[PDB]
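Below: start_11.cif (mmCIF, C-alpha atoms; chains and numbers go by the auth columns)
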data_entry
#
loop_
_atom_site.group_PDB
_atom_site.id
_atom_site.type_symbol
_atom_site.label_atom_id
_atom_site.label_comp_id
_atom_site.label_asym_id
_atom_site.label_seq_id
_atom_site.Cartn_x
_atom_site.Cartn_y
_atom_site.Cartn_z
_atom_site.B_iso_or_equiv
_atom_site.auth_seq_id
_atom_site.auth_asym_id
ATOM 1 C CA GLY A 1 17.090 -3.337 1.366 0.00 1 A
ATOM 2 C CA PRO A 2 14.889 -3.186 4.503 0.00 2 A
ATOM 3 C CA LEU A 3 14.027 0.416 3.656 0.00 3 A
ATOM 4 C CA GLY A 4 11.838 -0.713 0.767 0.00 4 A
ATOM 5 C CA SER A 5 9.877 -2.886 3.189 0.00 5 A
ATOM 6 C CA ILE A 6 8.836 0.170 5.193 0.00 6 A
ATOM 7 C CA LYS A 7 7.683 1.974 2.058 0.00 7 A
ATOM 8 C CA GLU A 8 5.565 -1.001 0.993 0.00 8 A
ATOM 9 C CA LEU A 9 4.162 -1.303 4.506 0.00 9 A
ATOM 10 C CA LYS A 10 2.907 2.276 4.371 0.00 10 A
ATOM 11 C CA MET A 11 1.137 1.538 1.090 0.00 11 A
ATOM 12 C CA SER A 12 -0.681 -1.357 2.750 0.00 12 A
ATOM 13 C CA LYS A 13 -2.294 1.118 5.140 0.00 13 A
ATOM 14 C CA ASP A 14 -3.620 3.157 2.218 0.00 14 A
ATOM 15 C CA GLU A 15 -5.190 0.025 0.744 0.00 15 A
ATOM 16 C CA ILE A 16 -7.057 -0.661 3.981 0.00 16 A
ATOM 17 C CA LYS A 17 -8.405 2.888 4.110 0.00 17 A
ATOM 18 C CA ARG A 18 -9.679 2.510 0.551 0.00 18 A
ATOM 19 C CA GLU A 19 -11.814 -0.455 1.585 0.00 19 A
ATOM 20 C CA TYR A 20 -13.708 1.725 4.059 0.00 20 A
ATOM 21 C CA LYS A 21 -14.091 4.459 1.446 0.00 21 A
ATOM 22 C CA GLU A 22 -15.648 1.941 -0.932 0.00 22 A
ATOM 23 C CA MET A 23 -18.437 1.425 1.593 0.00 23 A
ATOM 24 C CA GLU A 24 -19.269 5.132 1.465 0.00 24 A
ATOM 25 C CA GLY A 25 -19.695 4.745 -2.293 0.00 25 A
ATOM 26 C CA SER A 26 -22.972 3.029 -1.429 0.00 26 A
ATOM 27 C CA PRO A 27 -22.324 -0.149 -3.475 0.00 27 A
ATOM 28 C CA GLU A 28 -25.546 -1.631 -2.105 0.00 28 A
ATOM 29 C CA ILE A 29 -27.393 -0.457 -5.217 0.00 29 A
ATOM 30 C CA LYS A 30 -24.758 -1.943 -7.518 0.00 30 A
ATOM 31 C CA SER A 31 -24.689 -5.146 -5.478 0.00 31 A
ATOM 32 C CA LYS A 32 -28.365 -5.691 -6.284 0.00 32 A
ATOM 33 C CA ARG A 33 -27.656 -5.600 -10.018 0.00 33 A
ATOM 34 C CA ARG A 34 -24.828 -8.108 -9.620 0.00 34 A
ATOM 35 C CA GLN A 35 -27.265 -10.609 -8.111 0.00 35 A
ATOM 36 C CA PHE A 36 -29.369 -10.521 -11.277 0.00 36 A
ATOM 37 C CA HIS A 37 -26.247 -10.672 -13.434 0.00 37 A
ATOM 38 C CA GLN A 38 -25.466 -14.044 -11.872 0.00 38 A
ATOM 39 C CA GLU A 39 -28.799 -15.383 -13.101 0.00 39 A
ATOM 40 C CA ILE A 40 -28.068 -14.292 -16.669 0.00 40 A
ATOM 41 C CA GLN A 41 -24.654 -15.935 -16.401 0.00 41 A
ATOM 42 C CA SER A 42 -26.311 -19.324 -15.959 0.00 42 A
ATOM 43 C CA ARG A 43 -27.995 -18.640 -19.295 0.00 43 A
ATOM 44 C CA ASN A 44 -24.634 -18.966 -21.036 0.00 44 A
ATOM 45 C CA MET A 45 -24.667 -20.355 -24.566 0.00 45 A
ATOM 46 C CA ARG A 46 -21.947 -22.833 -23.637 0.00 46 A
ATOM 47 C CA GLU A 47 -24.311 -24.490 -21.169 0.00 47 A
ATOM 48 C CA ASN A 48 -26.982 -24.655 -23.867 0.00 48 A
ATOM 49 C CA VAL A 49 -24.746 -26.875 -25.993 0.00 49 A
ATOM 50 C CA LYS A 50 -22.713 -29.701 -24.481 0.00 50 A
ATOM 51 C CA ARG A 51 -19.234 -30.333 -25.850 0.00 51 A
ATOM 52 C CA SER A 52 -19.773 -34.086 -25.625 0.00 52 A
ATOM 53 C CA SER A 53 -22.892 -33.723 -27.766 0.00 53 A
ATOM 54 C CA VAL A 54 -22.559 -33.277 -31.529 0.00 54 A
ATOM 55 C CA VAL A 55 -25.898 -34.258 -33.068 0.00 55 A
ATOM 56 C CA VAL A 56 -27.612 -31.591 -30.969 0.00 56 A
ATOM 57 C CA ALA A 57 -30.209 -29.522 -32.819 0.00 57 A
ATOM 58 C CA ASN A 58 -30.079 -29.272 -36.608 0.00 58 A
#
Starting from the coordinates I provided, produce the structure as C-alpha coordinates.
Amino acid sequence: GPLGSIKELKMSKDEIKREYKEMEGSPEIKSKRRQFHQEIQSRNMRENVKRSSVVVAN
(Lines of atoms letter the chains of each structure in order from A and count residues from 1; the text may use other names and numbers.)
(Lines give C-alpha, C1' and ligand atoms only; values in the text may rest on other atoms or scores of the structure.)
Protein backbone atom coordinates (compact mmCIF):
# COMPACT_ATOMS: atom_id res chain seq x y z
CA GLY A 1 0.00 0.00 0.00
CA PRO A 2 2.38 2.73 1.25
CA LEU A 3 5.19 1.11 -0.71
CA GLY A 4 3.69 2.30 -3.99
CA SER A 5 3.77 5.85 -2.65
CA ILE A 6 7.56 5.71 -2.31
CA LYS A 7 7.94 4.44 -5.87
CA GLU A 8 5.79 7.26 -7.23
CA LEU A 9 7.69 9.78 -5.13
CA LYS A 10 10.97 8.72 -6.74
CA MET A 11 9.45 9.24 -10.18
CA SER A 12 8.54 12.80 -9.22
CA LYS A 13 12.23 13.55 -8.75
CA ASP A 14 12.97 12.35 -12.29
CA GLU A 15 10.30 14.70 -13.64
CA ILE A 16 11.93 17.67 -11.93
CA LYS A 17 15.34 16.80 -13.37
CA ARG A 18 13.80 16.65 -16.85
CA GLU A 19 12.65 20.25 -16.54
CA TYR A 20 16.25 21.40 -16.10
CA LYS A 21 17.36 19.23 -19.02
CA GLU A 22 14.76 20.90 -21.22
CA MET A 23 16.52 24.21 -20.64
CA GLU A 24 19.74 22.77 -22.03
CA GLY A 25 17.81 21.91 -25.19
CA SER A 26 17.99 25.63 -25.94
CA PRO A 27 14.23 26.12 -26.50
CA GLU A 28 14.82 29.86 -26.87
CA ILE A 29 14.95 29.45 -30.65
CA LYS A 30 11.73 27.43 -30.69
CA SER A 31 10.08 29.88 -28.30
CA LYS A 32 10.56 32.64 -30.87
CA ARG A 33 8.63 30.68 -33.49
CA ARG A 34 5.79 30.07 -31.03
CA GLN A 35 5.34 33.82 -30.62
CA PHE A 36 4.66 34.18 -34.35
CA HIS A 37 2.42 31.12 -34.30
CA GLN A 38 0.16 32.95 -31.86
CA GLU A 39 -0.33 35.73 -34.40
CA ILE A 40 -1.39 33.27 -37.09
CA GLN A 41 -3.79 31.69 -34.61
CA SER A 42 -5.74 34.95 -34.42
CA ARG A 43 -6.16 34.61 -38.18
CA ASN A 44 -8.44 31.61 -37.63
CA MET A 45 -11.21 31.09 -40.17
CA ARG A 46 -13.74 30.74 -37.36
CA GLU A 47 -13.07 34.33 -36.32
CA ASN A 48 -13.54 35.44 -39.93
CA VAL A 49 -17.12 34.18 -39.89
CA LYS A 50 -19.41 34.75 -36.92
CA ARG A 51 -21.80 31.97 -35.94
CA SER A 52 -24.53 34.50 -35.22
CA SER A 53 -24.15 35.86 -38.75
CA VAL A 54 -25.68 33.97 -41.68
CA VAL A 55 -26.02 36.45 -44.55
CA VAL A 56 -22.27 37.06 -44.42
CA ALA A 57 -20.55 37.20 -47.80
CA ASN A 58 -22.18 35.57 -50.82
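As for CA of residue 36 (chain A) and CA of residue 20 (chain A), they are spaced 25.1 Å apart.
Take CA of residue 45 (chain A) and CA of residue 27 (chain A): the distance between them is 29.3 Å.
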As JSON: centre and edge lengths in Å, one decimal, of the axis-aligned box holding region 2-5 of chain A with 3 Å per side:
{"center_x": 12.4, "center_y": -1.4, "center_z": 2.6, "size_x": 11.0, "size_y": 9.6, "size_z": 9.7}
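With CA of residue 18 (chain A) on one side and CA of residue 35 (chain A) on the other, the separation reads 23.6 Å.
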Review point. Contacts of residue 57 (chain A) at 12 Å or less, counting all atoms listed in the file, minus same-chain residues fewer than 5 places along, as a PyMOL selection string?
Key: chain A and resi 48-50
